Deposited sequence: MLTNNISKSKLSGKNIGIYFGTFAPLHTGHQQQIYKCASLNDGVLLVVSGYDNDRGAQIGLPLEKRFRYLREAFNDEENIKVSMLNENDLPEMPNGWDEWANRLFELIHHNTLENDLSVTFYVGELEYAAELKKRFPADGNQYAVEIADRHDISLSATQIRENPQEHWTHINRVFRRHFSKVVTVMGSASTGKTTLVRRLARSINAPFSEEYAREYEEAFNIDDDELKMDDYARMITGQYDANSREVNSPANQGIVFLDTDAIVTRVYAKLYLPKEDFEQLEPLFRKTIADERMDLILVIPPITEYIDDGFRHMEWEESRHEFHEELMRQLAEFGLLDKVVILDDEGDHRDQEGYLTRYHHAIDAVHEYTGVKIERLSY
């Protein structure tokens, strides 16, 4: 799993994120050399680490993004503890370890004049021919900066592996037979967005059990099962920058506190914590209890009638996890906004920046 050929090229980047600018250059470099070593640099709290893409995560995403290439290897250049001399020691250590042959024609592709200048001073006498080539990376670096500043605006250019991280997430929460499913569908269809289904609905249909028949192990199953489903939408190739999620672990954790014995709830507690902590939410739409009884079709037999009891615990728990600043309650139909959906789609506009057409003048 090392790089073959004589003419090999070295390409640098912080890749925060990798985008079609880098890629278009990287593939050009691959057509001119027998092989290419991508070198990701980073240090704690760097520009990428401050948006949640530390060097390690960026390196793994790169390996995944180029898992397909016979002649492209991804390598890590750890710039912690730096003083150019030791930096170059590591860089040529990378080259030596990740190459197969001797008598190489190595071409560095560098974008800053300081780097090329300090690199030319330090070619070691190891049988290789070294050249440093300058590249105008202004447009690539500006693009990566624009992407971090507003990912939704430059979404199509973000490499798909990195899109996993930059997605806005809207989660709809509320007791059943309150309209969530109609709401999630219409919100997501408004902006050509993907959406998830309430997993408890699908679990209860596939396993043919009612709300009162759920035991602890069923809740356990619904936690990881709803998360997988939401994670599947977050990472969908249909995602354009915003996804909508029909409930999450908090919802399930509200039902579980309300209906499980204390001991059985105490036992799901670690899985609840781990799952809820892994949930990135940007906007939380809460549908409050109302005397409506929507019933899109399927009836949660028991998760009705005590809607206020559910809504109080739900708000209790949303506070417990410090999420209230992301929360918007759709308290309409007797409050203002025209409909529950008008309020919601406008909140989607406030929190994600997407344009929404008005119906009237």
query	finding
Gaps in the model (deposited sequence, numbered from 1)	1 to 8, 91 to 95, 349 to 353
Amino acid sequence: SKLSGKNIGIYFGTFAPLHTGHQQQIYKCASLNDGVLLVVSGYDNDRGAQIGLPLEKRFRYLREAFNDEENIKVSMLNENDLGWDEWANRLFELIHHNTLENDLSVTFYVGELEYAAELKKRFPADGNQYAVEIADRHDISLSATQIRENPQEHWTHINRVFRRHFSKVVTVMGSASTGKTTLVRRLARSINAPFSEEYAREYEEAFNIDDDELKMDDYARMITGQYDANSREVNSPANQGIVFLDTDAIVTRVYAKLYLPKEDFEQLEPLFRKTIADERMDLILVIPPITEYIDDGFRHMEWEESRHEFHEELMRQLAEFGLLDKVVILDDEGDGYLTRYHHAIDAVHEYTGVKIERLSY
From here on, numbers count along this sequence of modelled residues.
item	value
Entry-level comparison of average CA B-factors, 5 to 13 and 341 to 349, reporting the higher stretch	5 to 13
107 to 115 or 252 to 260, whichever carries the higher mean Cα B-factor	107 to 115
Residue with highest C-alpha B-factor in the PDB entry, from 87, 199, 265, 195	87
Top residue by Cα temperature factor, when 208, 159, 247, 102 are compared in the entry	102
Chain-wide C-alpha B factor ranking for residue 79, given as lowest, middle or highest third	highest
Ranked C-alpha temperature factor of residue 284 among modelled chain residues, by third	lowest
Ranked C-alpha temperature factor of residue 59 among modelled chain residues, by third	middle
Position of residue 127 among the chain's modelled residues by C-alpha B-factor, lowest, middle or highest third	highest
Within-chain third of residue 218 by Cα B-factor, per the entry	lowest
